[PDB]
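Structural overview for review
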Number of protein chains: 6
Amino acid sequence: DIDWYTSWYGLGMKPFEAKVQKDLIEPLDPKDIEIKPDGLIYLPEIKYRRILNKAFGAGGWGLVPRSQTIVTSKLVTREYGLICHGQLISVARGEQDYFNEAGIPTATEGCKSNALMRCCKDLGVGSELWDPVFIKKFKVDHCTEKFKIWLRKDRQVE
Amino acid sequence: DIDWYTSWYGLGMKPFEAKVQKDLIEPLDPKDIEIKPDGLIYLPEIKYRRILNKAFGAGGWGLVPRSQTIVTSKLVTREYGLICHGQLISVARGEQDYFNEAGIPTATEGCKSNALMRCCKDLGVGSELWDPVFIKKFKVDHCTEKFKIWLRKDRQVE
Amino acid sequence: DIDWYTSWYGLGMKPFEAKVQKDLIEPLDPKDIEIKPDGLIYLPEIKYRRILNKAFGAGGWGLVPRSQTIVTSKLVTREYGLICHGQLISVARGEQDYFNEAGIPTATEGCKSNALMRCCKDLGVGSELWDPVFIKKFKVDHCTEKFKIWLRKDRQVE
Amino acid sequence: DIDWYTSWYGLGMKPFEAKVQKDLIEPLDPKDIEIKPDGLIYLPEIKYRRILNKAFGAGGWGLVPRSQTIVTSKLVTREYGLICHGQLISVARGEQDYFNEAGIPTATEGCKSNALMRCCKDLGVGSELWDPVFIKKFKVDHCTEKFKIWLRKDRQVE
Amino acid sequence: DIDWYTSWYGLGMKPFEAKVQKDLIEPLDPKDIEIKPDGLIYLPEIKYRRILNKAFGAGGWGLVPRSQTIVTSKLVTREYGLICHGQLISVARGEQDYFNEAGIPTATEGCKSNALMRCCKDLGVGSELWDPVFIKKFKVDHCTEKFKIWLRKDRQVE
Amino acid sequence: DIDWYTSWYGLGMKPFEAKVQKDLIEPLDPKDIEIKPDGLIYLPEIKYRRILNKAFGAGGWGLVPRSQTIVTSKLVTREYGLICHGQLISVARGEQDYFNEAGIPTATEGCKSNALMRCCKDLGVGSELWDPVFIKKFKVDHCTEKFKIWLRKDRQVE
């Protein structure tokens with residue numbers, strides 16, 4: 001049994017079976033990838049959990065908080081660590097903006113999922129989201145600009 | 001079990017199998033290598049994780065923080081150590097600039113990845129990025145200058 | 001297990017196998033050797049790591065810090081010790097200049113690598129860099145002067 | 001395991017095998033021997049390490065510091081002890097001059113190597129450097145004077 | 001294991017094998033013996049180490065300090081003890097003059113070697129240097145006077 | 001193991017083998033015996049060590065100090081004890097005059113050897129130096145007076 005709020009068990013101590021690693025590094029479908037109005041591309045946070053459930057399984061992974069939450073005058077932030085298949089994988093800080101005091105609690109879920117994608121970096125899940133070769137190819141094959149902001153070829157203005 | 005926030009276990013105590021070391025010292029594809037406007041060449045931080053996942057595996061490596069974060073009036077810095085295949089490899093300080101207070105938390109990921117590439121030095125991963133013979137050959141074969149700043153032969157001004 | 005921040009384990013207690021020692025004392029390629037504008041010759045810091053990875057292996061060596069960092073009004077300095085193949089080899093102080101306060105953290109990597117080459121002295125790696133017979137032959141065979149500063153025969157002014 | 005900062009283990013307790021001792025007392029090549037402008041002859045500090053690596057091996061010897069460094073208004077000094085083949089051989093104080101405060105850290109390597117040659121006295125390595133019969137023969141066979149300072153027969157003024 | 005800074009182990013407890021004692025009492029070559037301008041004859045300090053290395057071996061002997069150094073307004077002095085072949089042989093005070101404060105550290109080596117020759121008395125090494133029969137014969141066979149100071153028959157004024 | 005600074009081990013507990021005792025009581029050669037200008041005869045201090053090395057051996061004997069040194073306004077004095085062949089033989093005070101403060105350290109060797117001859121009394125070494133029958137015969141057979149001071153028949157004025 002492990003105190004996952006402070007422990008580091010299993011970190012780096014062995015890799016998963018080849019089947020798991022294959023499922024972790026499998027390429028993304030370009031249909032799943034989004035883009036902000038100012039052009040930053042991203043993968044929605046439920047897609048990471050779908051890949052995690054595919055690779056390890058439900059109940060085969062989980063986040064733990066690793067700190068107190070800090071509430072600044074504009075932002076909510078906290079560290080979370082990612083357990084997978086019985087060993088710690090990563091730790092990352094997460095963030096979320098909030099615009100009035102009633103949002104301070106709701107931002108916590110944004111914070112948690114924001115930490116999740118960061119902890120997914122160290123698994124290689126969706127690695128091509130971070131690769132400039134992929135980013136600037138994607139912005140040509142699958143996106144466009146309108147009056148000035150960015151959109152996909154199958155989305156509309158809001 | 002190891003307290004990776006303070007331990008030094010496995011450091012230097014034996015090298016990996018020849019297959020792992022071969023995958024660590026394998027040459028870079030020049031298409032993966034970027035260049036700043038003032039001419040400094042670099043390899044994007046996800047490429048290091050791809051090589052780490054190739055050599056050791058997902059879950060076969062990981063960073064731990066090794067200090068408190070320090071937040072200066074312009075910069076966020078922290079030490080991180082790199083565990084690989086059940087033994088400590090390296091420790092390095094990382095950095096990231098920030099330009100208004102809402103960026104102090106986001107800089108932490110830059111900090112972490114900035115420490116990662118430094119910890120990758122001691123593995124030989126992408127060693128030719130540091131070699132002047134390679135640097136000044138690369139600036140001729142694959143890069144150019146325009147009005148005055150530097151670019152690749154397959155990039156454009158921003 | 002060893003507290004490499006304070007221990008002295010293995011120091012001088014036996015030499016490596018002949019194969020390792022041969023790879024440590026093998027001569028340098030004169031193409032790898034650089035020269036400062038005021039004439040001081042040197043070998044770039046990644047070349048030492050390439051020889052270390054060749055002789056011992058990746059994960060078969062590593063630096064540990066051996067002190068607090070000291071930050072003077074012009075310089076960053078720290079002691080580091082060099083572990084190789086399961087035994088301590090050397091300890092050395094390292095240095096790096098810095099010219100404004102935002103550089104204090106970045107200088108740490110210069111400091112570390114500056115300590116690394118010093119710790120490499122006690123292995124014989126690149127020993128001919130220190131030999132006056134070699135230095136003044138090299139300055140004739142492979143270097144030249146221009147208006148007054150020093151350069152290689154295959155380099156240019158900056 | 002030994003605390004080499006304070007221990008005296010192995011000192012005088014047995015001599016090395018005849019092969020090692022032969023390699024320690026082997027004569028110097030007069031080409032390796034230098035001379036100061038005011039006439040004092042010396043052997044450059046990397047040559048001692050070459051003989052040490054030849055006799056014992058890389059990793060078969062090493063210096064430890066044996067005191068705090070003292071920084072006078074003109075000089076940096078520290079004691080170092082020399083471990084060889086699993087036993088302490090010698091302890092000596094080392095020195096190095098420094099001329100502005102930014103040199104205080106760099107002098108440490110001079111200090112260390114200055115202690116190394118002193119610790120090499122007690123091995124007989126390069127013993128003829130200390131022998132007046134050899135010194136005044138060498139100053140005739142291999143050196144000369146010019147307007148007034150001393151030089152070798154294959155060196156020039158600086 | 002022995003704390004040679006305070007111990008007295010082996011002192012007087014048995015003599016060496018006859019071969020060692022023969023090598024210790026073997027006569028000096030008169031070519032090795034020097035003379036001061038005011039007539040005092042001596043044997044240079046490296047010659048004692050050559051005889052010690054011949055009799056015991058490299059690593060078969062060694063000095064330890066036996067006190068703090070004392071720094072008077074003109075002189076540096078310290079006790080040293082001489083270990084040989086696994087047993088203490090002798091303890092002696094050593095001396096060296098110094099003429100400005102920058103010499104205080106350098107005098108330590110003179111101090112150490114000055115103690116060494118004194119510790120060599122109790123071995124019989126070079127015993128004829130102390131014998132008046134030998135001294136006044138040597139001053140006739142091998143030395144001379146000039147305008148008034150003393151010299152060897154194969155030396156010159158300085 | 002014995003704390004020879006305070007112990008009394010072996011004192012009087014058995015005599016040496018007959019061979020050793022014979023070598024201790026063997027007569028002096030009158031050529032070895034000196035005489036002061038005011039007529040006091042003596043045997044130089046290296047001769048005692050030669051007889052000690054002959055009887056016991058090198059490493060078969062040794063002095064230990066037995067007190068702090070006392071420095072009067074004219075004299076340096078200290079007790080020393082004489083170990084031989086694994087047992088304490090004697091303890092004696094030694095003396096030496098000094099005439100300016102820079103001589104206080106050098107007098108220590110005179111002190112030590114002055115104690116040595118006193119410790120040699122209790123062995124019978126050179127016993128005839130103390131015998132009036134021998135003294136006044138020696139002053140006739142081997143010495144003479146000149147204008148008024150004493151000399152040997154094969155010495156000269158200084």
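Residues numbered from 1 in each chain as written, not as in the entry; some residues may be left out. Chains lettered and ligands numbered in written order. Part of a larger assembly, values for the part shown. Heavy atoms only, no water.

Per the deposited record, the coordinates in this entry were obtained by cryo-EM to a resolution of 2.54 Å.

Some details on the interface of chain D and chain E
Opposite the 31 residues of chain D that make contact, chain E presents 36 residues. On inspection of chain D and its partner chain E, the count reaches 5 salt bridges. For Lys112 of chain E, the salt bridge identified is with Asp122 of chain D, shortest N-O distance 3.0 Å. For the pair chain D and chain E, the number of links is 14 residue pairs in polar contact. Every element with two or more residues in the side of chain D that touches chain E is listed here: α1 (18–25), β5 (75–84), β6 (87–97), α3 (107–121) and α4 (132–141) of chain D. Broken down by class, the residue content of the side of chain D that touches chain E amounts to 15 nonpolar, 7 polar and 9 charged. (Contact = heavy atoms within 4.5 Å. Salt bridge = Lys/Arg side-chain N within 4 Å of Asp/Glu carboxyl O. Polar contact = N/O pair within 3.5 Å; in protein donor to acceptor, adjacent residues only side chain to side chain. Helix = DSSP H or I, 4+ residues; strand = E, 2+ residues; numbered from the N terminus. Nonpolar A, V, L, I, M, F, W, Y, C, P; charged D, E, K, R; others polar.)

Considerations on the packing of aromatic side chains
Going through the model one piece at a time under the given rule, you end up with 12 aromatic pairs over all chains. A ring pair is formed by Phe16 of chain E and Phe56 of chain E, whose centres lie 5.1 Å apart and whose planes are at 75°; its orientation type is edge-to-face. Residue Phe16 of chain E is located in the segment before α1 (18–25), and its partner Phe56 of chain E is located in the loop between α2 (45–55) and β3 (61–65); the two are separated by 40 residues in the primary sequence. Of the two residues, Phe16 of chain E and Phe56 of chain E, both sit in the buried class. Ring geometry for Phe134 of chain F versus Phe138 of chain F: centroids 6.0 Å apart, planes at 15°, classification stacked. Here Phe134 of chain F and its partner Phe138 of chain F are both found in helix α4 (residues 132–141), 4 residues apart, which amounts to about one turn of the helix. With relative accessibility at 2%, the residue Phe138 of chain F sits in the buried group. Sitting over the face of the ring of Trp150 of chain F, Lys139 of chain F holds its NZ or CZ atom 5.1 Å from the ring centroid. (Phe/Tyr/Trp six-rings, centres within 6.5 Å; stacked < 30°, edge-to-face > 60°. Buried < 20%, exposed > 50% of the residue type's maximum accessible area, 1.4 Å probe, protein only. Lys NZ or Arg CZ within 6 Å of the ring centre and 35° of its normal.)

Details of the pattern of salt bridges
One pass over the full model with this rule turns up 79 salt bridges over all chains. Among the salt bridges present, the one from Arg155 of chain E reaches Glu34 of chain E, with a minimum N-O distance of 2.8 Å. You can call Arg155 of chain E partly exposed: its relative accessible area is 23%. The shortest N-O distance in the salt bridge between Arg152 of chain E and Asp154 of chain E comes to 2.8 Å. Given a relative accessible area of 48%, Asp154 of chain E falls into the partly exposed group. Shared partners join several salt bridges into a network, and the residues in it are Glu34, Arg152, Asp154 and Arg155 of chain A.

Here we look at the interface of chain A and chain B
Across the boundary between the two partners, chain A contributes 31 residues, which contact 36 residues of chain B. Counting the contacts that link chain A with chain B gives 5 salt bridges. The partner of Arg49 of chain B in a salt bridge is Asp122 of chain A, and the shortest N-O contact between them spans 2.7 Å. On inspection of chain A and its partner chain B, the count reaches 14 residue pairs in polar contact. Residue assignment for the side of chain A that touches chain B shows that the elements contributing at least two residues are α1 (18–25), β5 (75–84), β6 (87–97), α3 (107–121) and α4 (132–141) of chain A. Here the residues of the side of chain A that touches chain B sort into 15 nonpolar, 7 polar and 9 charged.

Overview of the environment of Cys84 of chain C
All names here are of chain C. Considering the arrangement of structural elements, one finds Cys84 in strand β5 (residues 75–84). For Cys84, a relative accessible area of 0% translates into the label buried. For the pair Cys84 and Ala55, spaced 29 residues apart in sequence, the C-alpha separation works out to 9.8 Å.

Brief notes about helix α2 (residues 45–55) of chain A
Residue and element names in this part refer to chain A. Those residues of α2 that fall on the buried side of the exposure criterion are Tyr48, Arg49, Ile51, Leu52 and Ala55. Projection of α2 onto a plane perpendicular to its axis shows the buried side chains occupying an angular sector of 160°, all on one side. Structural note: α2 exposes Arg50 and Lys54 on the side pointing more than 90 degrees away from its buried face. On the buried face of α2, the contacting elements are α1, β3 (61–65) and α3. (Arc of directions from axis to C-beta.)

Remarks on the side chain of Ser67 of chain A
All names here are of chain A. Turning to its location among the elements, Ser67 is positioned in the loop between β3 and β4 (70–71). In terms of polar contacts, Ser67 uses its side chain to reach the side chain of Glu79, at 2.6 Å. With near-sequence residues (within four places) excluded, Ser67 lies in contact with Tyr5, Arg78 and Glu79.

As for the pairing of β6 of chain D
All names here are of chain D. For β6, the tally of buried residues reaches 9 of 11 residues, placing the bulk of the element in the interior. Strand direction decides the pairing type here: β5 and β6, joined by 10 bridges, are antiparallel. For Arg78, the partnering residue across the bridge sits in β6 and is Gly94. Taking the residues between adjacent antiparallel strands as the criterion, β5 and β6 are bridged by 2 residues, where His85 takes a positive phi near 50°. (Pairing = 2+ DSSP bridges.)

Some points on the packing of helix α2 (residues 45–55) of chain D against α3 of chain D
All names here are of chain D. Where α2 contacts α3, the axes come no closer than 10 Å and their chain directions differ by 50°. The angle between the axes of α2 and α3 places the two elements in the oblique class. The hand of the α2/α3 crossing is left-handed. Residues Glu45, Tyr48, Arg49 and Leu52 of α2 form the contact with α3, whose own contacting residues are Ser113, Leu116, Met117 and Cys120. Each residue belonging to the contact of α2 with α3 can be placed in one class, and the counts come to 5 nonpolar, 1 polar and 2 charged. (Axes fitted to C-alpha atoms, helices over the stretch in contact; angles between N-to-C directions. Parallel < 35°, antiparallel > 145°, perpendicular 65-115°, else oblique. Left-handed = near helix turned anticlockwise from the far one by under 90°.)

Some details on unusual backbone geometry
Peptide bonds are, in most cases, trans, and in most cases residues other than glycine have a negative phi. Phi is positive for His85 of chain A, which is not a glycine, with a value near 50°. With a relative accessible area of 57%, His85 of chain A lands in the exposed category.

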